[PDB]
């Protein structure tokens, strides 16, 4: 189960220069600063730190790009699409100590944009309404406060779940891009 660590990040920073090196250093400092902080602060600061980056879209569809970026690729490129934002936020939150089973990257239909839109969902308990960490909204809001998002499926390092339409947990590796992304991280 692939890992982000401050030590790995510090070494990565040294292999780059200029603003790219600074981005790696800032990412590791973020992770160090958020350990043993209140969950809500962990969520907020990971959300806000990454929300500053370049938001990419496919210039033809206006939606997400085909390729899924690992956290290191996101840092190197200085950004990515909505899916890439959710992915780096996920791995960073696991790194600061939020239990992975409370985090599910969520593929949703945007009823307002008329296109797919990915976010990170945080579940206080499995039967709670999730809190939505988004790249097109600075606030973290409950699912019911985001009626513009209709979840389709969600996933993390461990599993895959279809949105209702408790459920059977598929293998996360059956998402080809996700399985490949996690291997790239090894």
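Cβ atoms come from the backbone with ideal geometry, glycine included; neighbour counts cover every protein chain shown. Since every read-out is calculated from the coordinates, none of them should be taken as a lab result.
Tabulated data
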quantity: Gyration tensor verdict on the stretch 64-128 (Cα atoms; rounded if a/c is under 1.5, prolate if a/b is larger than b/c, oblate otherwise); calculated: oblate
quantity: Ratio Rg/Rh, restricted to the stretch 1-71 and using Cα atoms, in which Rh is the Kirkwood radius; calculated: 1.03
quantity: The chain - mean residue ellipticity at 222 nm from DSSP helices (-39,500 (n - 2.57) per run, n ≥ 4, rounded to 500); calculated: -12000 deg cm²/dmol
quantity: Packing-based exposure ordering (other Cβ within 10 Å, fewest first) of 90, 67; calculated: 67, 90
quantity: Cα-only Debye scattering, the chain: base-10 log of I(q)/I(0) at q = 0.09, 0.14 Å⁻¹; calculated: -0.30, -0.75
quantity: Diffusion constant of the stretch 107-186 at 37 °C, which comes from Stokes-Einstein with the Kirkwood Cα-pair radius and 0.692 mPa s, µm²/s; calculated: 239 µm²/s
quantity: Fully extended contour minus Cα-Cα distance, from residue 20 to residue 145, at 0.36 nm per residue; calculated: 41.4 nm
quantity: FRET efficiency, 1/(1 + (r/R0)^6) with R0 22 Å, evaluated for residue 127 and residue 171 via beta carbons; calculated: 0.40
quantity: Contour minus Cα-Cα distance for residue 60 and residue 10 (0.36 nm per residue); calculated: 14.3 nm
